[PDB]
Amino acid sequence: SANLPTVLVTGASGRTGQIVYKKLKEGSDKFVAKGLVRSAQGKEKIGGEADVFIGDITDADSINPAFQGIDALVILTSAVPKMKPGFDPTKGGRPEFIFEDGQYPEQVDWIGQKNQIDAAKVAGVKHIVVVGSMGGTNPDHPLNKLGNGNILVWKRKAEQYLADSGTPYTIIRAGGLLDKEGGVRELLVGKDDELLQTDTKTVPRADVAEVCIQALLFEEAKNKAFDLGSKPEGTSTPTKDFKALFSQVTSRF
């Protein structure tokens, strides 16, 4: 093993996941990419290459092939609520969202993520990175009511399980995600939702993807949990010193 590390990214066809997948592919001088997606549809979307595997994270055996021989894992899966089809705006209410049965946050973000962490551990991974959301410090956060799923709570339960496991881990709680241009913004790291009290609380999906990558290259990023926000494009200078950035973080959770 003077070989480059094999990095598996799950949720590889998701919006943020497809960028990490693409970045790991471009970074051929640093990584060997691998990805896991939920559908053949998703596999073709990111390029149908042979390093992409199809499987459901809540079906334990089903994901084992993907995890074989991996050295690092980047978890980018998430439960996703869909608008329940009954809404009628013109006599004011507010849409209710739903999660397909067996696809709720408890099953996908907590148990599901537990599935992935447990398989990575069996396979001997060395570093696990997971992407989540800011807001977890407040159990009464409105997002937990979406689809009556408590999505932040189950995600944080999997973050604690990851931090507790002993495997080198980085937990990145992202602020509001943006389909905005990555690498063109000064990025900010916070602790325990403090950034929510600022105007720099959202972040380009491409910068969340690049932070996941860099976490893989610095000892500093290991055994760290931090929030991620940024400043708009055009106002300041885009982040470059990543060792410094991660050396700002001291929290293990």
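Heads up: residue numbers just count along the shown sequence, starting at 1.
Asker: Counting only other entries where the flanking residues are modelled, do a third or more lack residue 100?
Answerer: No, residue 100 has coordinates in all the other entries compared.
Asker: Between us, would residue 169 come up missing in a third or more of the other compared entries?
Answerer: No: coordinates for residue 169 present in every compared entry.
Asker: May I ask you to compare 7-15 and 240-248 by their mean CA B factor in the entry and name the higher one?
Answerer: The deposited B-factors put 240-248 ahead on the C-alpha mean.
Asker: Pick between 75-83 and 154-162: the one whose mean CA B-factor in the entry is higher.
Answerer: Comparing 75-83 with 154-162, the higher average CA B-factor belongs to 75-83.
Asker: Sort 206, 70, 40, 213 by C-alpha B-factor from the entry and give me just the highest.
Answerer: Comparing C-alpha B-factors across 206, 70, 40, 213, the top value belongs to 40.
Asker: Which one of 91, 121, 127, 114 shows the top CA temperature factor in the record?
Answerer: Most elevated C-alpha B-factor of the set, per the entry: 91.
Asker: Can you work out whether the C-alpha temperature factor of residue 103 puts it in the lowest, middle or highest third of the chain?
Answerer: Top third by C-alpha B-factor.
Asker: Within this chain's modelled residues, let me know which third the CA B factor of residue 109 belongs to: lowest, middle or highest.
Answerer: Lowest third.
Asker: Based on the deposited C-alpha B factors for this chain, I'd like to know if residue 146 is in the lowest, middle or highest third.
Answerer: Top third by C-alpha B-factor.
Asker: When the deposited Cα B-factors of this chain's modelled residues are ordered and cut into thirds, is residue 132 in the lowest, the middle or the highest one?
Answerer: Lowest third, going by the recorded CA B-factors of the chain.
Asker: Split into thirds by Cα B-factor across the chain's modelled residues, where does residue 44 land: lowest, middle or highest?
Answerer: For residue 44, whose C-alpha B-factor we compare with every modelled residue in the chain, the answer is the highest third.
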